[PDB]
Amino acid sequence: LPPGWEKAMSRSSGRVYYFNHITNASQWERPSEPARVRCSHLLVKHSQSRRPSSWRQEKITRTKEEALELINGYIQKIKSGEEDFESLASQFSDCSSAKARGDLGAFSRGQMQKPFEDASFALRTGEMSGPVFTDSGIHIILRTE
């Protein structure tokens, strides 16, 4: 299995699934290192965020647990097809890259907080992460290239 992926048992179904410990992705199908990748993201900040402020809200007061909740709702809607990533990111991301549908352009290793970098480099093109925690808050990452 590609970097970070492991077999687990579903504790509802007892069906086998795969989870990734670097990106926090999880899925039923069996899964499948570039100099540069391109990613978008949807950030949800909380009161223990490095900077508890964003373009959406001068004072961010939601708890880390409430942030994780919002993130999990957005992941549910994205995975169900009910909203797309770009649209939730534009409305809801606490990063001002919300204005570009969450797009950050291409970067290589060396540039981002590590947990974000590692998640982005472990994603496959097209692939979306689970909740990824950094000092800025809780990220959903989409690898676009």
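Numbering starts at 1 and runs along the sequence shown.
Peer 1: Missing residues between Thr61 and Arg62 in the deposited sequence, please: none, 1 to 3, 4 to 9, or 10 or more.
Peer 2: Nothing is missing.
Peer 1: Higher mean Cα B-factor in the deposited model: 131-139 or 9-17?
Peer 2: Comparing 131-139 with 9-17, the higher average CA B-factor belongs to 9-17.
Peer 1: Comparing average C-alpha B factors as deposited, tell me which of 38-46 and 102-110 sits higher.
Peer 2: On average, C-alpha B-factors are higher across 102-110.
Peer 1: When the CA B-factors of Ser97, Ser32, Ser26, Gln76 are compared as recorded in the entry, which is the largest?
Peer 2: Of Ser97, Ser32, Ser26, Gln76, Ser32 has the highest C-alpha B-factor.
Peer 1: So where's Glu66 on the chain's Cα temperature factor ranking, which third?
Peer 2: Tercile = middle for this residue's CA B-factor.
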